[PDB]
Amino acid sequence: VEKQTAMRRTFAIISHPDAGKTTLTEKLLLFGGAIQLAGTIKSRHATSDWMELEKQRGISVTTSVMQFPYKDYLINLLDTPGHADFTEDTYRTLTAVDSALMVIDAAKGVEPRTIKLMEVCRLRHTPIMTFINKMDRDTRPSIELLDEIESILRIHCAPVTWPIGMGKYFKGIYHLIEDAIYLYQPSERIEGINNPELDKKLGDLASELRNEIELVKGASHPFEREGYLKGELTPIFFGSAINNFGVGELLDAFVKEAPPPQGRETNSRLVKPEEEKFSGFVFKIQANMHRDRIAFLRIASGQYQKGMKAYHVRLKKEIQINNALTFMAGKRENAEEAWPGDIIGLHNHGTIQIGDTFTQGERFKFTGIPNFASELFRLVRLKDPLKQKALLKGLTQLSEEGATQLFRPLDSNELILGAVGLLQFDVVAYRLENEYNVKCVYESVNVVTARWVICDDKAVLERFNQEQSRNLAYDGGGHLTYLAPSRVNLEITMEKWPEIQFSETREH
């Protein structure tokens, strides 16, 4: 039962849209023998478009988690949708990984989502490996790309591979550890950075490689396990994903260095995966676009066995998991068992919520499962006023399943919806109609961001509430929330109240 966890590697790719996530995912799948999934994923929208396919077909349930073997390792790749189906779940999914793979477009460097996803990873000091993609086209200087990562993303860079040329004159990569050159020939290998054959085939590029490698080892850091595991250092790899080049070097360093499933804290103790008793937590729910839903559970300890009895901690109730969805690529049936690090899909009809902890009787709740500051806001109401209670009931449940956040402004009876991605508004409106027979209408509001408000000094907090009530609300969890009409307003308010904490995350 020790080797089942030992061989496992659970992770996700963080990247700004168009960096190369999908392209890389395909290649890694090819290395895993998953020729099936590989083609399927590349065979891939407005939010509306996603909903159309979603209803009729909606086979986005079988690829939210991609499990595949490589060497003597089992790799769990969790999906982080970034386009039409970007939602808060994209952030929350990172809570269920043990490390992350960051993809950067060499021509772009660090982008807005790169920063956001890193901030999320930063919540658990999640180890990061970096693939600098698209070397086959012109790029920013490699040193510049690295420097920016260190300054903006606040993490030391440690090159493991390095580009030879760029764009039209991209001739391959140099593995700093192997001291070998892999030639890019749309894979001849050459040992020794000083090997005279390099100068013969690559010319001036050969001495440029030597030049750059020297600059690197003077202004940069060498790879280091400890720093990497503490999230203070990231090994960098350069390649061209579309040409499946540099990927193999990345994957080998990944399985070798990336962490196996780690333990997680609870409201009582540290749970380690090697414990014989089963346990896990729910971090994502998606409903059938029917009334059944699938709650994605990361196993935290013990083992899962089909048809087993488990303890639903919140509901103080024993349950039986009869046919939990598993994610082995190419499988025909659900696996009979699963292990720590793995994800399983729990079928239900509304009895499972975000953060739900499952055990075998022991009553604890896993911590660290976050809500994230909403980025998009809308007022929600009905045309038929006689349906208010069902609207609230629906929104509450939806809030509990992480589909949306819900805000009740102090000075009114209005309801405000908070979303991280545009699709959530579509999913809410549909689910409300289908599951609650409630027809809702959206309106624009003057809110652009949100912060949770925290002050242990109740006299200060009370003066704050009195003054800022127009911009205050309670969310679905009862937490005081500041809904800023503008970034500038947020700045002024925060500056006006240095005694009050304004947070971008909170525990669900």
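Throughout, we count residues from 1 along the sequence that is shown.
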- Item | Gap size, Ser187 back to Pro186 (deposited sequence, no coordinates) | 4 to 9
- Using none, 1 to 3, 4 to 9 or 10 or more, say how many deposited residues go missing between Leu379 and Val380. none
- Query: Averaged over C-alpha atoms, is the B-factor higher for 84-92 or for 357-365 in this PDB entry?
  - Reply: 357-365
- Item | Greater mean Cα temperature factor according to the PDB record, 242-250 or 190-198 | 190-198
- Looking at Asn133, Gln388, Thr234, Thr126, which has the highest CA B-factor as recorded? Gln388
- Between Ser99, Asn322, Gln424, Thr161, which one tops the list for C-alpha B-factor in the PDB entry? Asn322
- Note on the structure: Sorting the chain's modelled residues by C-alpha B-factor and splitting them into thirds places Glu2 in the highest
- Query: Thinking about Cα B factors across the chain, which third does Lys108 belong to?
  - Reply: middle
- Task: Please place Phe407 in the lowest, middle or highest third of its chain by C-alpha B factor as given in the entry.
- Result: lowest
- Query: Among the chain's modelled residues, which third holds the C-alpha B-factor of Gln56?
  - Reply: highest
- Query: What third of its chain, lowest, middle or highest, does the C-alpha temperature factor of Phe372 fall into?
  - Reply: lowest
